[PDB]
$ cat work-v4.pdb   # PDB, N, CA, C and O atoms and all ligand atoms
ATOM      1  N   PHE A   1      61.148 114.796 190.388  1.00  0.00           N
ATOM      2  CA  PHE A   1      60.547 114.310 189.150  1.00  0.00           C
ATOM      3  C   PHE A   1      61.563 114.287 188.010  1.00  0.00           C
ATOM      4  O   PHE A   1      62.616 114.925 188.092  1.00  0.00           O
ATOM      5  N   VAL A   2      61.232 113.553 186.948  1.00  0.00           N
ATOM      6  CA  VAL A   2      62.110 113.420 185.787  1.00  0.00           C
ATOM      7  C   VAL A   2      61.443 113.956 184.506  1.00  0.00           C
ATOM      8  O   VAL A   2      60.214 114.087 184.448  1.00  0.00           O
ATOM      9  N   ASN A   3      62.253 114.271 183.492  1.00  0.00           N
ATOM     10  CA  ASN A   3      61.741 114.779 182.218  1.00  0.00           C
ATOM     11  C   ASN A   3      60.906 113.758 181.469  1.00  0.00           C
ATOM     12  O   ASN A   3      61.111 112.548 181.607  1.00  0.00           O
ATOM     13  N   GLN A   4      59.984 114.254 180.653  1.00  0.00           N
ATOM     14  CA  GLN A   4      58.985 113.392 180.034  1.00  0.00           C
ATOM     15  C   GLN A   4      58.992 113.505 178.518  1.00  0.00           C
ATOM     16  O   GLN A   4      59.089 114.604 177.969  1.00  0.00           O
ATOM     17  N   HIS A   5      58.857 112.364 177.847  1.00  0.00           N
ATOM     18  CA  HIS A   5      58.585 112.349 176.415  1.00  0.00           C
ATOM     19  C   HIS A   5      57.135 111.901 176.179  1.00  0.00           C
ATOM     20  O   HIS A   5      56.816 110.725 176.334  1.00  0.00           O
ATOM     21  N   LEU A   6      56.269 112.846 175.805  1.00  0.00           N
ATOM     22  CA  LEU A   6      54.830 112.627 175.832  1.00  0.00           C
ATOM     23  C   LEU A   6      54.183 113.091 174.541  1.00  0.00           C
ATOM     24  O   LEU A   6      54.100 114.293 174.275  1.00  0.00           O
ATOM     25  N   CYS A   7      53.700 112.139 173.749  1.00  0.00           N
ATOM     26  CA  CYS A   7      53.005 112.458 172.509  1.00  0.00           C
ATOM     27  C   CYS A   7      51.558 111.984 172.582  1.00  0.00           C
ATOM     28  O   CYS A   7      51.231 111.085 173.361  1.00  0.00           O
ATOM     29  N   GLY A   8      50.688 112.617 171.798  1.00  0.00           N
ATOM     30  CA  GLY A   8      49.306 112.192 171.698  1.00  0.00           C
ATOM     31  C   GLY A   8      48.546 112.059 173.007  1.00  0.00           C
ATOM     32  O   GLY A   8      48.577 112.948 173.869  1.00  0.00           O
ATOM     33  N   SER A   9      47.839 110.944 173.161  1.00  0.00           N
ATOM     34  CA  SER A   9      46.989 110.748 174.337  1.00  0.00           C
ATOM     35  C   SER A   9      47.805 110.689 175.632  1.00  0.00           C
ATOM     36  O   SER A   9      47.263 110.878 176.719  1.00  0.00           O
ATOM     37  N   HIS A  10      49.094 110.388 175.519  1.00  0.00           N
ATOM     38  CA  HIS A  10      49.974 110.272 176.683  1.00  0.00           C
ATOM     39  C   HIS A  10      50.212 111.637 177.326  1.00  0.00           C
ATOM     40  O   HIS A  10      50.390 111.731 178.546  1.00  0.00           O
ATOM     41  N   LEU A  11      50.221 112.692 176.519  1.00  0.00           N
ATOM     42  CA  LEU A  11      50.312 114.050 177.077  1.00  0.00           C
ATOM     43  C   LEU A  11      49.045 114.391 177.871  1.00  0.00           C
ATOM     44  O   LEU A  11      49.122 114.907 178.991  1.00  0.00           O
ATOM     45  N   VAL A  12      47.871 114.095 177.323  1.00  0.00           N
ATOM     46  CA  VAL A  12      46.653 114.442 178.052  1.00  0.00           C
ATOM     47  C   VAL A  12      46.514 113.608 179.330  1.00  0.00           C
ATOM     48  O   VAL A  12      45.956 114.077 180.322  1.00  0.00           O
ATOM     49  N   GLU A  13      47.064 112.398 179.350  1.00  0.00           N
ATOM     50  CA  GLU A  13      47.104 111.634 180.594  1.00  0.00           C
ATOM     51  C   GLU A  13      47.959 112.357 181.634  1.00  0.00           C
ATOM     52  O   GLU A  13      47.584 112.461 182.807  1.00  0.00           O
ATOM     53  N   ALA A  14      49.125 112.844 181.213  1.00  0.00           N
ATOM     54  CA  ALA A  14      49.997 113.546 182.144  1.00  0.00           C
ATOM     55  C   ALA A  14      49.328 114.832 182.650  1.00  0.00           C
ATOM     56  O   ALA A  14      49.375 115.137 183.844  1.00  0.00           O
ATOM     57  N   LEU A  15      48.709 115.588 181.746  1.00  0.00           N
ATOM     58  CA  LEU A  15      47.958 116.784 182.162  1.00  0.00           C
ATOM     59  C   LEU A  15      46.908 116.450 183.208  1.00  0.00           C
ATOM     60  O   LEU A  15      46.769 117.151 184.213  1.00  0.00           O
ATOM     61  N   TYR A  16      46.146 115.389 182.965  1.00  0.00           N
ATOM     62  CA  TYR A  16      45.118 114.998 183.913  1.00  0.00           C
ATOM     63  C   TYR A  16      45.750 114.715 185.278  1.00  0.00           C
ATOM     64  O   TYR A  16      45.246 115.181 186.305  1.00  0.00           O
ATOM     65  N   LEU A  17      46.854 113.965 185.282  1.00  0.00           N
ATOM     66  CA  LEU A  17      47.557 113.618 186.529  1.00  0.00           C
ATOM     67  C   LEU A  17      48.045 114.856 187.277  1.00  0.00           C
ATOM     68  O   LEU A  17      47.851 114.997 188.492  1.00  0.00           O
ATOM     69  N   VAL A  18      48.671 115.761 186.539  1.00  0.00           N
ATOM     70  CA  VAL A  18      49.211 116.971 187.141  1.00  0.00           C
ATOM     71  C   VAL A  18      48.130 117.934 187.624  1.00  0.00           C
ATOM     72  O   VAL A  18      48.252 118.504 188.710  1.00  0.00           O
ATOM     73  N   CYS A  19      47.062 118.101 186.842  1.00  0.00           N
ATOM     74  CA  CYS A  19      46.076 119.145 187.154  1.00  0.00           C
ATOM     75  C   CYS A  19      44.882 118.656 187.972  1.00  0.00           C
ATOM     76  O   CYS A  19      44.340 119.408 188.787  1.00  0.00           O
ATOM     77  N   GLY A  20      44.474 117.407 187.756  1.00  0.00           N
ATOM     78  CA  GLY A  20      43.350 116.835 188.484  1.00  0.00           C
ATOM     79  C   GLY A  20      42.101 117.708 188.478  1.00  0.00           C
ATOM     80  O   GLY A  20      41.673 118.196 187.420  1.00  0.00           O
ATOM     81  N   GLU A  21      41.519 117.929 189.660  1.00  0.00           N
ATOM     82  CA  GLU A  21      40.227 118.619 189.749  1.00  0.00           C
ATOM     83  C   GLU A  21      40.336 120.082 189.364  1.00  0.00           C
ATOM     84  O   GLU A  21      39.320 120.741 189.132  1.00  0.00           O
ATOM     85  N   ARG A  22      41.563 120.594 189.315  1.00  0.00           N
ATOM     86  CA  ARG A  22      41.792 121.946 188.833  1.00  0.00           C
ATOM     87  C   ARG A  22      41.351 122.070 187.384  1.00  0.00           C
ATOM     88  O   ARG A  22      40.945 123.140 186.937  1.00  0.00           O
ATOM     89  N   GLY A  23      41.442 120.968 186.649  1.00  0.00           N
ATOM     90  CA  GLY A  23      41.134 121.000 185.238  1.00  0.00           C
ATOM     91  C   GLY A  23      42.291 121.577 184.453  1.00  0.00           C
ATOM     92  O   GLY A  23      43.239 122.125 185.025  1.00  0.00           O
ATOM     93  N   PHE A  24      42.216 121.468 183.133  1.00  0.00           N
ATOM     94  CA  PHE A  24      43.301 121.925 182.295  1.00  0.00           C
ATOM     95  C   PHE A  24      42.822 122.232 180.878  1.00  0.00           C
ATOM     96  O   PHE A  24      41.732 121.802 180.467  1.00  0.00           O
ATOM     97  N   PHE A  25      43.638 122.983 180.139  1.00  0.00           N
ATOM     98  CA  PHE A  25      43.379 123.223 178.724  1.00  0.00           C
ATOM     99  C   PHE A  25      44.400 122.474 177.873  1.00  0.00           C
ATOM    100  O   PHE A  25      45.605 122.595 178.106  1.00  0.00           O
ATOM    101  N   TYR A  26      43.921 121.688 176.909  1.00  0.00           N
ATOM    102  CA  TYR A  26      44.803 121.030 175.939  1.00  0.00           C
ATOM    103  C   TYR A  26      44.731 121.829 174.648  1.00  0.00           C
ATOM    104  O   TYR A  26      43.696 121.846 173.960  1.00  0.00           O
ATOM    105  N   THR A  27      45.829 122.515 174.342  1.00  0.00           N
ATOM    106  CA  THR A  27      45.854 123.506 173.270  1.00  0.00           C
ATOM    107  C   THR A  27      47.061 123.321 172.351  1.00  0.00           C
ATOM    108  O   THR A  27      48.097 123.970 172.531  1.00  0.00           O
ATOM    109  N   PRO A  28      46.921 122.426 171.362  1.00  0.00           N
ATOM    110  CA  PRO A  28      47.935 122.137 170.344  1.00  0.00           C
ATOM    111  C   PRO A  28      47.990 123.244 169.301  1.00  0.00           C
ATOM    112  O   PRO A  28      47.288 124.250 169.423  1.00  0.00           O
ATOM    113  N   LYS A  29      48.810 123.037 168.276  1.00  0.00           N
ATOM    114  CA  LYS A  29      48.813 123.886 167.092  1.00  0.00           C
ATOM    115  C   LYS A  29      47.931 123.263 166.012  1.00  0.00           C
ATOM    116  O   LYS A  29      47.972 122.048 165.785  1.00  0.00           O
TER     117      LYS A  29
ATOM    118  N   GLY B   1      54.483 125.103 170.913  1.00  0.00           N
ATOM    119  CA  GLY B   1      54.202 125.205 172.332  1.00  0.00           C
ATOM    120  C   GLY B   1      54.455 123.887 173.043  1.00  0.00           C
ATOM    121  O   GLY B   1      55.219 123.052 172.565  1.00  0.00           O
ATOM    122  N   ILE B   2      53.805 123.684 174.183  1.00  0.00           N
ATOM    123  CA  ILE B   2      54.069 122.492 174.997  1.00  0.00           C
ATOM    124  C   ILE B   2      53.589 121.170 174.418  1.00  0.00           C
ATOM    125  O   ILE B   2      54.199 120.120 174.669  1.00  0.00           O
ATOM    126  N   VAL B   3      52.488 121.191 173.675  1.00  0.00           N
ATOM    127  CA  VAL B   3      52.051 119.957 173.043  1.00  0.00           C
ATOM    128  C   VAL B   3      53.187 119.495 172.140  1.00  0.00           C
ATOM    129  O   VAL B   3      53.532 118.311 172.087  1.00  0.00           O
ATOM    130  N   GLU B   4      53.807 120.466 171.485  1.00  0.00           N
ATOM    131  CA  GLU B   4      54.909 120.215 170.572  1.00  0.00           C
ATOM    132  C   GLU B   4      56.180 119.846 171.329  1.00  0.00           C
ATOM    133  O   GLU B   4      56.822 118.836 171.025  1.00  0.00           O
ATOM    134  N   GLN B   5      56.535 120.678 172.309  1.00  0.00           N
ATOM    135  CA  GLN B   5      57.733 120.491 173.139  1.00  0.00           C
ATOM    136  C   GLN B   5      57.831 119.110 173.816  1.00  0.00           C
ATOM    137  O   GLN B   5      58.859 118.440 173.709  1.00  0.00           O
ATOM    138  N   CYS B   6      56.770 118.698 174.513  1.00  0.00           N
ATOM    139  CA  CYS B   6      56.713 117.397 175.183  1.00  0.00           C
ATOM    140  C   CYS B   6      56.883 116.247 174.202  1.00  0.00           C
ATOM    141  O   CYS B   6      57.453 115.222 174.539  1.00  0.00           O
ATOM    142  N   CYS B   7      56.360 116.403 172.992  1.00  0.00           N
ATOM    143  CA  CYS B   7      56.458 115.326 172.009  1.00  0.00           C
ATOM    144  C   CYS B   7      57.737 115.361 171.162  1.00  0.00           C
ATOM    145  O   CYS B   7      58.417 114.343 171.009  1.00  0.00           O
ATOM    146  N   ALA B   8      58.071 116.517 170.610  1.00  0.00           N
ATOM    147  CA  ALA B   8      59.244 116.603 169.748  1.00  0.00           C
ATOM    148  C   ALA B   8      60.506 116.571 170.590  1.00  0.00           C
ATOM    149  O   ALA B   8      61.545 116.069 170.167  1.00  0.00           O
ATOM    150  N   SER B   9      60.409 117.141 171.783  1.00  0.00           N
ATOM    151  CA  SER B   9      61.537 117.194 172.701  1.00  0.00           C
ATOM    152  C   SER B   9      61.166 116.463 173.993  1.00  0.00           C
ATOM    153  O   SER B   9      60.707 115.316 173.960  1.00  0.00           O
ATOM    154  N   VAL B  10      61.408 117.103 175.127  1.00  0.00           N
ATOM    155  CA  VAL B  10      60.906 116.593 176.396  1.00  0.00           C
ATOM    156  C   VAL B  10      60.345 117.746 177.211  1.00  0.00           C
ATOM    157  O   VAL B  10      60.656 118.915 176.956  1.00  0.00           O
ATOM    158  N   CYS B  11      59.509 117.418 178.186  1.00  0.00           N
ATOM    159  CA  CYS B  11      59.007 118.431 179.083  1.00  0.00           C
ATOM    160  C   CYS B  11      58.915 117.845 180.488  1.00  0.00           C
ATOM    161  O   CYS B  11      58.952 116.625 180.669  1.00  0.00           O
ATOM    162  N   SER B  12      58.794 118.712 181.483  1.00  0.00           N
ATOM    163  CA  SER B  12      58.669 118.253 182.865  1.00  0.00           C
ATOM    164  C   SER B  12      57.244 118.392 183.354  1.00  0.00           C
ATOM    165  O   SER B  12      56.414 119.095 182.739  1.00  0.00           O
ATOM    166  N   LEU B  13      56.935 117.730 184.466  1.00  0.00           N
ATOM    167  CA  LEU B  13      55.584 117.824 184.999  1.00  0.00           C
ATOM    168  C   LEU B  13      55.362 119.248 185.492  1.00  0.00           C
ATOM    169  O   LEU B  13      54.234 119.733 185.498  1.00  0.00           O
ATOM    170  N   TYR B  14      56.449 119.918 185.887  1.00  0.00           N
ATOM    171  CA  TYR B  14      56.368 121.307 186.332  1.00  0.00           C
ATOM    172  C   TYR B  14      55.998 122.242 185.179  1.00  0.00           C
ATOM    173  O   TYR B  14      55.199 123.162 185.348  1.00  0.00           O
ATOM    174  N   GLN B  15      56.574 122.014 184.005  1.00  0.00           N
ATOM    175  CA  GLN B  15      56.117 122.732 182.822  1.00  0.00           C
ATOM    176  C   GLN B  15      54.616 122.502 182.557  1.00  0.00           C
ATOM    177  O   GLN B  15      53.911 123.423 182.146  1.00  0.00           O
ATOM    178  N   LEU B  16      54.117 121.297 182.828  1.00  0.00           N
ATOM    179  CA  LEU B  16      52.710 120.998 182.566  1.00  0.00           C
ATOM    180  C   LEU B  16      51.749 121.759 183.490  1.00  0.00           C
ATOM    181  O   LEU B  16      50.624 122.067 183.095  1.00  0.00           O
ATOM    182  N   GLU B  17      52.186 122.056 184.713  1.00  0.00           N
ATOM    183  CA  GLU B  17      51.348 122.787 185.663  1.00  0.00           C
ATOM    184  C   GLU B  17      50.885 124.115 185.079  1.00  0.00           C
ATOM    185  O   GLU B  17      49.835 124.642 185.459  1.00  0.00           O
ATOM    186  N   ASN B  18      51.668 124.665 184.156  1.00  0.00           N
ATOM    187  CA  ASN B  18      51.285 125.922 183.521  1.00  0.00           C
ATOM    188  C   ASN B  18      49.938 125.797 182.776  1.00  0.00           C
ATOM    189  O   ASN B  18      49.287 126.797 182.478  1.00  0.00           O
ATOM    190  N   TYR B  19      49.504 124.570 182.495  1.00  0.00           N
ATOM    191  CA  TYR B  19      48.284 124.393 181.711  1.00  0.00           C
ATOM    192  C   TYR B  19      47.086 124.047 182.552  1.00  0.00           C
ATOM    193  O   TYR B  19      45.987 123.831 182.032  1.00  0.00           O
ATOM    194  N   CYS B  20      47.291 124.030 183.861  1.00  0.00           N
ATOM    195  CA  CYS B  20      46.168 123.823 184.765  1.00  0.00           C
ATOM    196  C   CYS B  20      45.276 125.069 184.783  1.00  0.00           C
ATOM    197  O   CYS B  20      45.728 126.173 184.451  1.00  0.00           O
ATOM    198  N   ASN B  21      44.003 124.884 185.135  1.00  0.00           N
ATOM    199  CA  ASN B  21      43.100 126.014 185.298  1.00  0.00           C
ATOM    200  C   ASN B  21      43.477 126.831 186.508  1.00  0.00           C
ATOM    201  O   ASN B  21      43.539 128.055 186.428  1.00  0.00           O
TER     202      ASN B  21
HETATM  203 CU    CU C   1      51.218 104.950 173.180  1.00  0.00          CU
END

$ encode --input "work-v4.pdb" --output "structure tokens" --more "lines below"
Ligand SMILES: [Cu+2]
Amino acid sequence: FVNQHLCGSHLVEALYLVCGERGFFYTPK
Amino acid sequence: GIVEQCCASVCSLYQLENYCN
């Protein structure tokens, strides 16, 4: 895999892809 | 944190796995 530049909704897309049915927490500042 | 890191800098998909349930 390669490094990612991910802002806004694009980060939550990547989280969804990586975590799938496991689910995930989106926790900004 | 990572929301910041991925956007201001870069992050890997492996770093993202840390946020899975
Ligand atoms: Cu966009």

$ residues_near_ligand --input "work-v4.pdb" --ligand "ligand CU 1 (chain C)" --cutoff "8 Å" --atoms "only N, CA, C and O atoms and all ligand atoms" --output "PyMOL selection string"
chain A and resi 7-10

$ residues_around --input "work-v4.pdb" --residues "residue 9 of chain B" --least-positions-apart "4" --cutoff "12 Å" --atoms "only C-alpha atoms" --output "PDB file with N, CA, C and O atoms, in the frame of the given file"
ATOM      1  N   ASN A   3      62.253 114.271 183.492  1.00  0.00           N
ATOM      2  CA  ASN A   3      61.741 114.779 182.218  1.00  0.00           C
ATOM      3  C   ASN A   3      60.906 113.758 181.469  1.00  0.00           C
ATOM      4  O   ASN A   3      61.111 112.548 181.607  1.00  0.00           O
ATOM      5  N   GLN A   4      59.984 114.254 180.653  1.00  0.00           N
ATOM      6  CA  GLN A   4      58.985 113.392 180.034  1.00  0.00           C
ATOM      7  C   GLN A   4      58.992 113.505 178.518  1.00  0.00           C
ATOM      8  O   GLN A   4      59.089 114.604 177.969  1.00  0.00           O
ATOM      9  N   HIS A   5      58.857 112.364 177.847  1.00  0.00           N
ATOM     10  CA  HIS A   5      58.585 112.349 176.415  1.00  0.00           C
ATOM     11  C   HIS A   5      57.135 111.901 176.179  1.00  0.00           C
ATOM     12  O   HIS A   5      56.816 110.725 176.334  1.00  0.00           O
ATOM     13  N   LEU A   6      56.269 112.846 175.805  1.00  0.00           N
ATOM     14  CA  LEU A   6      54.830 112.627 175.832  1.00  0.00           C
ATOM     15  C   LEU A   6      54.183 113.091 174.541  1.00  0.00           C
ATOM     16  O   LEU A   6      54.100 114.293 174.275  1.00  0.00           O
ATOM     17  N   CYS A   7      53.700 112.139 173.749  1.00  0.00           N
ATOM     18  CA  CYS A   7      53.005 112.458 172.509  1.00  0.00           C
ATOM     19  C   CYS A   7      51.558 111.984 172.582  1.00  0.00           C
ATOM     20  O   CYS A   7      51.231 111.085 173.361  1.00  0.00           O
TER      21      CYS A   7
ATOM     22  N   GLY B   1      54.483 125.103 170.913  1.00  0.00           N
ATOM     23  CA  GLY B   1      54.202 125.205 172.332  1.00  0.00           C
ATOM     24  C   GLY B   1      54.455 123.887 173.043  1.00  0.00           C
ATOM     25  O   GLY B   1      55.219 123.052 172.565  1.00  0.00           O
ATOM     26  N   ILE B   2      53.805 123.684 174.183  1.00  0.00           N
ATOM     27  CA  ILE B   2      54.069 122.492 174.997  1.00  0.00           C
ATOM     28  C   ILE B   2      53.589 121.170 174.418  1.00  0.00           C
ATOM     29  O   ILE B   2      54.199 120.120 174.669  1.00  0.00           O
ATOM     30  N   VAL B   3      52.488 121.191 173.675  1.00  0.00           N
ATOM     31  CA  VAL B   3      52.051 119.957 173.043  1.00  0.00           C
ATOM     32  C   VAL B   3      53.187 119.495 172.140  1.00  0.00           C
ATOM     33  O   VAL B   3      53.532 118.311 172.087  1.00  0.00           O
ATOM     34  N   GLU B   4      53.807 120.466 171.485  1.00  0.00           N
ATOM     35  CA  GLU B   4      54.909 120.215 170.572  1.00  0.00           C
ATOM     36  C   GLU B   4      56.180 119.846 171.329  1.00  0.00           C
ATOM     37  O   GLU B   4      56.822 118.836 171.025  1.00  0.00           O
ATOM     38  N   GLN B   5      56.535 120.678 172.309  1.00  0.00           N
ATOM     39  CA  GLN B   5      57.733 120.491 173.139  1.00  0.00           C
ATOM     40  C   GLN B   5      57.831 119.110 173.816  1.00  0.00           C
ATOM     41  O   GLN B   5      58.859 118.440 173.709  1.00  0.00           O
TER      42      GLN B   5
END

$ resolve_selection --input "work-v4.pdb" --expression "the PyMOL selection byres (((chain B and resi 21) around 7) and not hetatm)" --output "count of residues only"
9

$ select_by_dssp --input "work-v4.pdb" --residues "chain A" --states "alpha helix (DSSP H)" --output "list in words"
residues 9, 10, 11, 12, 13, 14, 15, 16, 17, 18 and 19 of chain A

$ write_last_selection --input "work-v4.pdb" --atoms "N, CA, C and O atoms" --output "mmCIF file, keeping the file's coordinate frame"
data_model
loop_
_atom_site.group_PDB
_atom_site.id
_atom_site.type_symbol
_atom_site.label_atom_id
_atom_site.label_comp_id
_atom_site.auth_asym_id
_atom_site.auth_seq_id
_atom_site.Cartn_x
_atom_site.Cartn_y
_atom_site.Cartn_z
ATOM 1 N N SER A 9 47.839 110.944 173.161
ATOM 2 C CA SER A 9 46.989 110.748 174.337
ATOM 3 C C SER A 9 47.805 110.689 175.632
ATOM 4 O O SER A 9 47.263 110.878 176.719
ATOM 5 N N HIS A 10 49.094 110.388 175.519
ATOM 6 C CA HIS A 10 49.974 110.272 176.683
ATOM 7 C C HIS A 10 50.212 111.637 177.326
ATOM 8 O O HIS A 10 50.390 111.731 178.546
ATOM 9 N N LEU A 11 50.221 112.692 176.519
ATOM 10 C CA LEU A 11 50.312 114.050 177.077
ATOM 11 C C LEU A 11 49.045 114.391 177.871
ATOM 12 O O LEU A 11 49.122 114.907 178.991
ATOM 13 N N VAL A 12 47.871 114.095 177.323
ATOM 14 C CA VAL A 12 46.653 114.442 178.052
ATOM 15 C C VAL A 12 46.514 113.608 179.330
ATOM 16 O O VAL A 12 45.956 114.077 180.322
ATOM 17 N N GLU A 13 47.064 112.398 179.350
ATOM 18 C CA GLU A 13 47.104 111.634 180.594
ATOM 19 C C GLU A 13 47.959 112.357 181.634
ATOM 20 O O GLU A 13 47.584 112.461 182.807
ATOM 21 N N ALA A 14 49.125 112.844 181.213
ATOM 22 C CA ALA A 14 49.997 113.546 182.144
ATOM 23 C C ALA A 14 49.328 114.832 182.650
ATOM 24 O O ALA A 14 49.375 115.137 183.844
ATOM 25 N N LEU A 15 48.709 115.588 181.746
ATOM 26 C CA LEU A 15 47.958 116.784 182.162
ATOM 27 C C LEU A 15 46.908 116.450 183.208
ATOM 28 O O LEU A 15 46.769 117.151 184.213
ATOM 29 N N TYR A 16 46.146 115.389 182.965
ATOM 30 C CA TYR A 16 45.118 114.998 183.913
ATOM 31 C C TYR A 16 45.750 114.715 185.278
ATOM 32 O O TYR A 16 45.246 115.181 186.305
ATOM 33 N N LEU A 17 46.854 113.965 185.282
ATOM 34 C CA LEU A 17 47.557 113.618 186.529
ATOM 35 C C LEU A 17 48.045 114.856 187.277
ATOM 36 O O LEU A 17 47.851 114.997 188.492
ATOM 37 N N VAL A 18 48.671 115.761 186.539
ATOM 38 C CA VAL A 18 49.211 116.971 187.141
ATOM 39 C C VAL A 18 48.130 117.934 187.624
ATOM 40 O O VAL A 18 48.252 118.504 188.710
ATOM 41 N N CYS A 19 47.062 118.101 186.842
ATOM 42 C CA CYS A 19 46.076 119.145 187.154
ATOM 43 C C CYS A 19 44.882 118.656 187.972
ATOM 44 O O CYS A 19 44.340 119.408 188.787
#

$ residues_around --input "work-v4.pdb" --residues "residue 16 of chain B" --least-positions-apart "6" --cutoff "7 Å" --atoms "only N, CA, C and O atoms" --output "list in words"
residues 14, 15, 18 and 19 of chain A

$ atom_distance --input "work-v4.pdb" --atom1 "atom C of residue 11 of chain A" --atom2 "atom C of residue 11 of chain B"
10.8 Å

$ atom_distance --input "work-v4.pdb" --atom1 "atom CA of residue 13 of chain B" --atom2 "atom CA of residue 2 of chain A"
7.9 Å

$ atom_distance --input "work-v4.pdb" --atom1 "atom O of residue 7 of chain B" --atom2 "atom CA of residue 20 of chain A"
23.2 Å

$ axis_aligned_box --input "work-v4.pdb" --around "segment 3-17 of chain A" --padding-each-side "5 Å" --output "JSON"
{"center_x": 53.7, "center_y": 113.7, "center_z": 180.1, "size_x": 27.1, "size_y": 16.9, "size_z": 26.8}
